[PDB]
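Here is how the chains run, residue by residue.
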Amino acid sequence: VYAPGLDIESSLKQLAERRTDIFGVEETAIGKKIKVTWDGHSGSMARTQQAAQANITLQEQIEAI
Amino acid sequence: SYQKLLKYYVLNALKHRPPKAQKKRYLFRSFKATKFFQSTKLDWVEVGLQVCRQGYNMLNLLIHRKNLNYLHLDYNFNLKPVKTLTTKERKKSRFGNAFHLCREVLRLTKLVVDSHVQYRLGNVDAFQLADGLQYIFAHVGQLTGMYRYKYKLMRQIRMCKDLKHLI
Amino acid sequence: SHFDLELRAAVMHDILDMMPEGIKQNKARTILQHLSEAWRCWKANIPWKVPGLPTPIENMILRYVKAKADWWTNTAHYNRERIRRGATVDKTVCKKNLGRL
Amino acid sequence: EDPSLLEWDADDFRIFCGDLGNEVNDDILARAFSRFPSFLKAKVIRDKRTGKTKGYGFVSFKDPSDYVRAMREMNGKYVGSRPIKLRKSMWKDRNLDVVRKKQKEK
Amino acid sequence: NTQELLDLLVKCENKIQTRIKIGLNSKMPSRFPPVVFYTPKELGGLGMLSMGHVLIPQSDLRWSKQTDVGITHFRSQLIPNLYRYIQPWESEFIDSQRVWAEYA
Amino acid sequence: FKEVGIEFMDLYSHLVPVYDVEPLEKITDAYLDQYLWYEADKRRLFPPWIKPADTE
Amino acid sequence: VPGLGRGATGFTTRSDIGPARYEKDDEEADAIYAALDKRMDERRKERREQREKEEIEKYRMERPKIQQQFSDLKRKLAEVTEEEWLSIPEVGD
Amino acid sequence: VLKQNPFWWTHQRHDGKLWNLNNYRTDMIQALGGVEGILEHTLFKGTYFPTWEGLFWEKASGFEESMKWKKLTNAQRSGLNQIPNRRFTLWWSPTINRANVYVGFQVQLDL
Amino acid sequence: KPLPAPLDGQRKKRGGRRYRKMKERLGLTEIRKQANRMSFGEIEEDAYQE
Amino acid sequence: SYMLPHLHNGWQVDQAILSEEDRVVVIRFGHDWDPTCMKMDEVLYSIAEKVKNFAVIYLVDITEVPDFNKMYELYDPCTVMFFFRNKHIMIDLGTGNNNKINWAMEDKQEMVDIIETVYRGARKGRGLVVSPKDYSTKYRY
């Protein structure tokens, strides 16, 4: 079905924060307010997988800190 | 030729507007202030060959980015395929206009520096060097072909033809 | 062009802002349907009065409908001026403009 | 007269399921159809010497009543990688073809 | 008598022809043959009426035919216009008066 | 009488109203129109300067 | 899981659309290049931003924003009570 | 009546038929180059009928009997309406599918 | 209500009886000759009268 | 507003694609505040309940979920893609590339036709289907 009321609020608040041409009576700027991804090539999963594992373990290191 | 030269002179004079108040920032002074650059005094022909090689390297670093090697770029910046291309491979090879514009600019630079190195070697004298340079600048339309990737350049080409007529 | 989508989003956000969290999980869709029904009633030239709707919300909806109606009239007139003066258009635009006119 | 039609026949009803994905459905038909009503026999016709699935398979059901619900609820149901088509089993063997030929002249 | 109307007519006819060609294929052709448009409906064509100056290329009129003897080649100009076949209003009126007096 | 349904033929220059009337009333109106025109022509209600005429 | 675990595979047309196929020194180099770009931009930034600000201010003076228009009705809407809030009918009638 | 009438000024019953175009049709055929010259461009000779005297078209017959009456979706109606365009294109293929008409890049149909 | 899922029919496999009335409602027979035909070659009637 | 459900990361997106088994999954990649996405999302909202039987719609924010940009070449304002049983289905719109839509159409009827054709073809077993209209020309006269 359609999204719940609180999800509608989540969407609307983000739209307001991103569009001050309509909402947000402070200032302007259309889209402005006021990371490794796989390239789809099979010969790159090992590098991409390690990067996510290498980043998360660093995130785990940050988590320990 | 006379009439059109006058036309563009008048157009520039009429459309002129006063410049704007900048803050006087200097690109090469900033580069020198940086640490990746250093100064030296070189012969112009040496610098020209240097720039030709560097431009070739830059352009060649842009085709093999996709790891899709079916296009070969020679040292005169004439880009041709290495084989017959499937339609899918033609679509992959398809490249934007800006790329070809830069390629043809570097081609013109190559032509000029090659003329200068010819004179320096001795294959031609100073008179033939000057004749070749004038021919290059009056026939950049025939030799290089930038009008296929930017049409406003037909203005430059026809103006250069008119200048040739006048001289 | 999409002033109507913009206005609808603005009014929905404003209404939802002041509504307590314990009721927005259910009444958002109903208030949107009320907005649509009010617009339909205006387009059809019939009286629209929901007896149970609180008067402040009714006032806000009336303002929304007024703004959308103004935009609707102006855009219909401008598009018809285009088409009549002579411009390239398509069957869907021509039919929608005919309905509005 | 293949000696392979004497395993399902307990006075049960055989549904012939065609349009099966060749790569799969060695026993996934049994896995799907075991939910109703209980353990049963569901074979897949995989020709020998090639290991390639010929397509159609057969499923044996205890009652005509359970078979009705099974057909109405699995006709076109996504099994494996293809939807399945269900029809009635023919088993037109000799003991029945002789009777058919006898009836023809009558 | 109206010079603007002739230009409008030919522009609109070209628009129709281009619409048909675009429907045929996404890329506009060069030197499309006019036989397809102007062949009569009952003969497989569109039977399009013309009020412009369409010159049929001499190449298009070549046609062959084979029989037991072998192959034989043959030929046969501009498309007719509607106005040459429509009768003027002035002649219409004068002939009407005359014919109806005769009938009386 | 009943209600007549109105739409608009779209000649891009201007819209032309088009009315759709109930069939029985259409029949009665058509008969009345024919009868009135015939009798008016018989009695020469409309002088010759009212156009268009049936003849030209 | 990145999104390759789906077993999917991308597609490419044109060898122009983005990518190509980042350590301490690369961070320093990127800081250097960002400083270079900002310093080059600094020429006319002040005048450009001032003109933009004045133009938007005048445009808003001449034609306000939608939520600005609806601020009054929103404020008054604040008044209504929770008892009315959950009693709102539905268009089904 | 919603339909626009081009002959809003005359009635066939009273004024008669004020024009005539049979001569125009015959002259159009002659100018296009005679029935045989016209037929050259089509695919008629590929059908291998002995002559063009006893032939007849079948308007709106299609591969589905044309299925003119049915409860098809809008897309299916669109396909049923594109069928005649397909027949026309096949009929005129010999003179539309040539290098003179369409420029470069030729491609062979598989098999 | 949503669009129904565009399944085709299982396919009228039994005929006559009810089904001839099912088509006699709306899809009854027709001329089947010289009403569906165009008669290629000549025009017979006047020229342009589509 | 956009009452349509939103996906917030790559795992959610791929789980959404793998959840459906007999309905076409439509995904709109783009920013909700871009006007092109505004119009396209309005059309999708209009047709969502009509096509609920055989399709499910989802919206994806490029910035929130960028991991698909490289593989799928998501760099236009708004793009629409179709999936069926984890298979990316292609449509021969006539635009030159069959992978996506990459423009905001305004007729809910043609959108419904496109989704229906994709469903028909994918269920039949195809990986590419032919649109019942050629969008090579805008058809404006």
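Residues numbered from 1 in each chain as written, not as in the entry; some residues may be left out. Chains lettered and ligands numbered in written order. Part of a larger assembly, values for the part shown. Heavy atoms only, no water. Residues with missing side-chain atoms left out of burial classes, pairs and counts.

Method information in the entry identifies cryo-EM as the source of the structure, with 3.2 Å recorded as the resolution.

Of regular secondary structure, chain J possesses four helices and six strands. Listing every helix and strand of chain J by position from the N terminus yields β-α-β-α-β-α-β-β-α-β. A compact globule built from 141 residues should have a C-alpha radius of gyration of about 14 Å, and chain J, at 14 Å, falls within 12% of that. Taking the principal axes of its C-alpha atoms as reference, chain J extends roughly 40 × 35 × 30 Å. Out of the 141 residues belonging to chain J, those deemed buried represent 60%. (Helix = DSSP H or I, 4+ residues; strand = E, 2+ residues; numbered from the N terminus. Rg over C-alpha atoms; globule rule 2.2 N^0.38 Å. Buried < 20%, exposed > 50% of the residue type's maximum accessible area, 1.4 Å probe, protein only.)

Here we take up the packing of helix 2 (residues 22-32) of chain H against helix 3 (residues 34-41) of chain H. Residue and element names in this part refer to chain H. Here helix 2 crosses helix 3 at 65°, and the two axes come no closer than 7 Å. As for how helix 2 packs across helix 3, the hand of that crossing is left-handed. For the pair helix 2 and helix 3, contact is made by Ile-29, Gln-30 and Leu-32 and by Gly-34, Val-35 and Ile-38, respectively. Here the contact of helix 2 with helix 3 is built from residues that sort into four nonpolar, two polar and no charged. (Axes fitted to C-alpha atoms, helices over the stretch in contact; angles between N-to-C directions. Left-handed = near helix turned anticlockwise from the far one by under 90°. Contact = heavy atoms within 4.5 Å. Nonpolar A, V, L, I, M, F, W, Y, C, P; charged D, E, K, R; others polar.)

Okay, the interface of chain A and chain C next. With 12 residues of chain A at the contact, the number on the chain C side is 10 residues. Summing both sides of the interface, chain A and chain C together bury roughly 1,000 Å²; the carbon and sulfur share of this comes to 71%. Where chain A packs against chain C, one counts one salt bridge. We note a salt bridge from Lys24(C) to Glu9(A), for which the minimum N-O separation is 3.8 Å. For the pair chain A and chain C, the interface holds one residue pair in polar contact. When grouped by side-chain class, the residues that make up the side of chain A that touches chain C number nine nonpolar, one polar and two charged. (Buried area = accessible area lost by both parts, 1.4 Å probe. Salt bridge = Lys/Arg side-chain N within 4 Å of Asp/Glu carboxyl O. Polar contact = N/O pair within 3.5 Å; in protein donor to acceptor, adjacent residues only side chain to side chain.)

Here we take up the layout of surface pockets. Leftover empty space is mapped by rolling, across the atoms, a probe with the size of a water molecule. Of the pockets and cavities examined, the second largest pocket occupies roughly 1,500 Å³. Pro52(F), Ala53(F), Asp54(F), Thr55(F) and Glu56(F) are the residues nearest the centre of the second largest pocket, which is lined by 30 residues in total. Secondary structure elements with two or more residues in the lining of the second largest pocket: helix 3 (89-103) of chain E, helix 1 (23-43) of chain F together with helix 1 (12-15) of chain H. When its residues are assigned to classes, the lining of the second largest pocket shows 16 nonpolar, six polar and eight charged. (1 Å grid on protein atoms, 1.4 Å probe; cavity = no way out; pocket = protein on both sides within 12 Å on 5 of 7 lines; lining within 4 Å. Points joined across faces, edges and corners; volume = space filled by probe spheres on them.)

Residues and elements named next belong to chain D. Judged by pairing direction, the sheet is antiparallel, and its four strands sit side by side in the order 2-3-1-6 without closing on themselves. Only two strands of the sheet have a single partner each, and these edge strands are strand 2 (42-46) and strand 6 (85-88). Recorded for the sheet is a direction-independent mean angle of 25° between the axes of neighbouring strands. Pairing analysis gives five bridges linking strand 1 (residues 13-18) to strand 3 (residues 53-61), with the strands arranged antiparallel. Of the residues in strand 3, the one forming a bridge with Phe-13 is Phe-61. This element, helix 2 (residues 64-74), spans strand 1, strand 3 and strand 6 of the sheet and lies at about 150° to strand 6. (Pairing = 2+ DSSP bridges.)

This next bit is on the interface of chain H and chain E. On the side of chain E, 39 residues touch chain H, which itself brings 33 residues to the contact. Between chain H and chain E, the buried area comes to about 3,100 Å², and carbon and sulfur atoms account for 67% of it. Of all residues in chain H, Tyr24(H), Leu32(H) and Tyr102(H) bury the most surface against chain E, accounting for 21% of the area lost on that side. Along the contact surface separating chain H from chain E lie one salt bridge. Secondary structure elements with two or more residues in the side of chain H that touches chain E: helix 2, helix 3, helix 5 (74-91) and helix 6 (93-96) of chain H. Per-class residue counts for the side of chain H that touches chain E are 17 nonpolar, 10 polar and six charged.

Applying the stated criterion across every chain, the model contains 32 aromatic pairs over all chains. On the numbers, 5.8 Å between centres and 35° between planes, the contact of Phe16(D) with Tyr56(D) is tilted. A residue pair is termed long-range when its members are at least 10 positions apart, and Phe16(D) in strand 1 and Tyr56(D) in strand 3 qualify at 40 residues. A relative accessible area of 29% means that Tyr56(D) is categorised as partly exposed. Ring centres of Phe54(J) and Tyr119(J) lie 5.5 Å apart, and the angle between their planes is 35°; on these two criteria the pair is classed as tilted. With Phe54(J) in the loop between helix 2 (35-48) and strand 3 (55-60) and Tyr119(J) in helix 4 (residues 108-124), this residue pair connects regions lying 65 residues apart in the sequence. Comparing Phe54(J) with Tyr119(J) shows no difference in burial state: the two are buried. Through pairs of rings, three or more aromatic residues link up here, namely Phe11(G), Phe29(J), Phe68(J), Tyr72(J) and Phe83(J). Its end group placed over the ring of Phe56(H), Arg37(I) keeps NZ or CZ at 5.2 Å from the ring centre. (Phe/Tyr/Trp six-rings, centres within 6.5 Å; stacked < 30°, edge-to-face > 60°. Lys NZ or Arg CZ within 6 Å of the ring centre and 35° of its normal.)

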